[PDB]
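By written order: A, B, C, D, E and F. Residues from 1 in each chain.
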Amino acid sequence: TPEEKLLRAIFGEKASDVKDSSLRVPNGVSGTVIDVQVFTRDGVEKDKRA
Amino acid sequence: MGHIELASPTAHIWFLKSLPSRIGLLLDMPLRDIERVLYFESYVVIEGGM
Amino acid sequence: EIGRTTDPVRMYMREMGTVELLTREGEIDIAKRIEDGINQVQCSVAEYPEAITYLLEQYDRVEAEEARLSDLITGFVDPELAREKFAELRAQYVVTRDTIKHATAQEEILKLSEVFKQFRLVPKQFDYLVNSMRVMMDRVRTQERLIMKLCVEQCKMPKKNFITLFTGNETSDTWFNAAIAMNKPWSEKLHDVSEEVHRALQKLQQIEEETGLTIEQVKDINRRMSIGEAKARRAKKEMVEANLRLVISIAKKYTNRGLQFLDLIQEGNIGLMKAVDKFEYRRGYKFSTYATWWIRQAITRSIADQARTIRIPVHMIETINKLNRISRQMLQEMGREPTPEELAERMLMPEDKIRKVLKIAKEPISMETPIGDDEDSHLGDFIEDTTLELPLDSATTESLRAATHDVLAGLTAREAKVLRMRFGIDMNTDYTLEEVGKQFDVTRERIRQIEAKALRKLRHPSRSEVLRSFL
Amino acid sequence: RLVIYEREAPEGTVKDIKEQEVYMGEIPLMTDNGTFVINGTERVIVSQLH
Amino acid sequence: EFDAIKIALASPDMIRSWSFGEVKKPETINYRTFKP
Amino acid sequence: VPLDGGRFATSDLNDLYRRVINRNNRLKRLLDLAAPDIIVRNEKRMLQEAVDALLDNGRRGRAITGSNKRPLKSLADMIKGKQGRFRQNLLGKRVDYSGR
């Protein structure tokens, strides 16, 4: 919007081309992570965790 | 909305297959004798003169 | 049997079962009838000067390379041979035009027709020559209606008098000018309509100046072309009606691939009508050998275009189908479902292309699909609208338009107007540096600096605390 | 086993035999407790009274 | 605003008045770039 | 609308309208082809079937079923019943500012 781009011009903070779609704990529950399993397609480089 | 220009007239099922049969009782023509015309298995005269 | 069931496929079977199949000789006889009808139509067309000159204009285009020969002729009975035969046809046409001056013109019909009938045309342009005469017949017959409507019923002229005088000459004014001293109630009343009737005859006699043929010769040939087009059509009706069972024996195989059973025996019927037009009995082959290719080509092409909501092209249908029989020939050669890497070395294409083919979306799930352990919940009850903006985000916009309204009010009227123009605030389209230069008469560069200082003021604290909460 | 007979014979001697082992589908197996793992989840095929 | 709701049959002219165009093809979206 | 995973979800009215348009276009094609009257009558019967299944499915003849092997919901089935527009969406709704 015009006000948004005026704000960007004043503060010089450019936008981000990526969207935060991270997985997060559901609201209300509080646990302890006991297991993480990573499955990867057979064409993709494996990260250090995998 | 849009519309579809039908290549031939088509009866409305609500005004034909309802039990009072508005099409049937408007012409004083029984529904059994109208479904035969709509099924292309009988002819019906239309102002064929006296 | 009429009428017991609704069953629109059963009614079709009941209708089509009353025609008996053709023997090996009945097909030959019907093909001969079709050929005779088409030959009569071609003979009627080949008695027209308009077709000759049109073909000459088309060959003139070809001599200028404005058209192809293959766009005009479907073979003969060689480009250099074609050109010299066209030169011979042009020589025949010019000598016919020179000798057309009644007695010799009668023999010019039999000589010119021998040349034009030796060329085989294309179906697309041959109808144009037929349409050249169909429009010609409409214009003549339209003028024929008016003569009946302006002399018989208007002036109470007897209908038999319209046959005694008008029917037989149709060019002279025996019924127009010579029919005034007949002592009739219409003879003295034809003067009122004589102004338009004669001009209607002038339009009718202008037709005599269009093609060089009499009014009778237009109707004497069109009646032969209305029997030729009606004899070849009645014979093609008998060949299609007799072979309607051939389509059902083919269309029963493709019965559960997206189209109803009636949608297949109706797309096959269009292919059956295509085989009758192109069937040639001079090869001595059965009709079922040739018609099965056209029926199977129309049913199969129909499934490629009408079975899926999101339509994929035929060239991508022939790749999914190939991939669906290669990956099932490796099911029984390996014992388990293969992997996209192994199809790549088997189908001879990169894995990326195969991954695209396997990623083609299938038929979408109906939104009335029951999704729980009950008939209550449906798939459509869980699909949300993502095009709406949240009222938390919508009430932030109305708070930003007020926060930037007090801030701009704290600037000079010159900088509170160039900022409302460099950014489209509370108005239409924003402007560039030059477009606001004409507004204030200032140069482009200074406004860039005027705006820069306005931007500089707002970065300072005590005028930027609330603004920083919006990021 | 695929067998091709000989013409003009009701039950005459075949001309060629070809015995091959063909794979036709996978059938799920029951665990030691009467359950089936079908898509990673354990399921029970409940009996029916008809 | 309105005070009543009226219901009746629709003429072909009325149906052509409601519409913004004629739907002539059975296609929905492009399979590659999902545009209408 | 597309679901997550590359696959779409559609309404049954799309299927019914597509059937109507396919049969209407084929009828126009047959009329332009000067087909024999048995084919044209069969196509007219099929078009009359398709429209009568769009407006009210299953009332005349048998209900057309989709790939689910279930009778697809027509225009009249979206208004009637305990799960029509009147009883499920107009006389009682899901409501904000609420919890159990």
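Just so it is clear, a contact is a pair of C-beta atoms (placed from the backbone, for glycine too) under 8 Å apart; a residue touches a chain by one contact, two chains touch by 3 or more.
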item: Shared chain contacts [chain B and chain D, defined touch]; value: C
item: Which of C-E and B-F has more C-beta pairs touching across its chains; value: B-F
item: Central subunit by CA centre of mass proxy; value: C
item: Whole-Å separation of chain centres (CA-atom averages), chain A against chain D; value: 50
item: Chain A and chain F: spacing of chain centres that average the CA atoms, whole Å; value: 41
item: Gap in Å, rounded to a whole number, between the CA centres of chain C and chain A; value: 52
item: Centre distance in Å when chain C and chain F are each reduced to the mean of their C-alpha atoms; value: 27
item: Multi-partner residues of chain E (each touching 2 or more other chains); value: 23, 26, 28, 34
item: Multi-partner residues of chain C (each touching 2 or more other chains); value: 6, 8, 11, 306, 309-310, 361
item: In chain A, residues with contacts to at least two other chains; value: none
item: Chains that touch, pairwise; value: A-C, B-C, B-E, B-F, C-D, C-E, C-F, E-F
item: Interfacial residue positions of chain F with respect to chain B in the complex; value: 17, 20-21, 24, 27-28, 31, 41, 44-45, 47-48, 51-52, 55-56, 59-60, 76
item: Touching residues (chain side chain C, partner chain F) in the complex; value: 6-8, 11-12, 15-16, 233, 237, 240-241, 244, 260, 262-263, 266-267, 269-270, 273, 306, 309-310, 359, 361-369, 379-380, 383
item: Partner chain F, residues of chain B touching it in the complex; value: 4-8, 10-14, 17, 38-40
item: Residues of chain E that touch chain B when the two form their complex; value: 15-16, 18-23
item: Chain C residues within the chain E interface of the complex; value: 306, 309-312, 316, 360-361
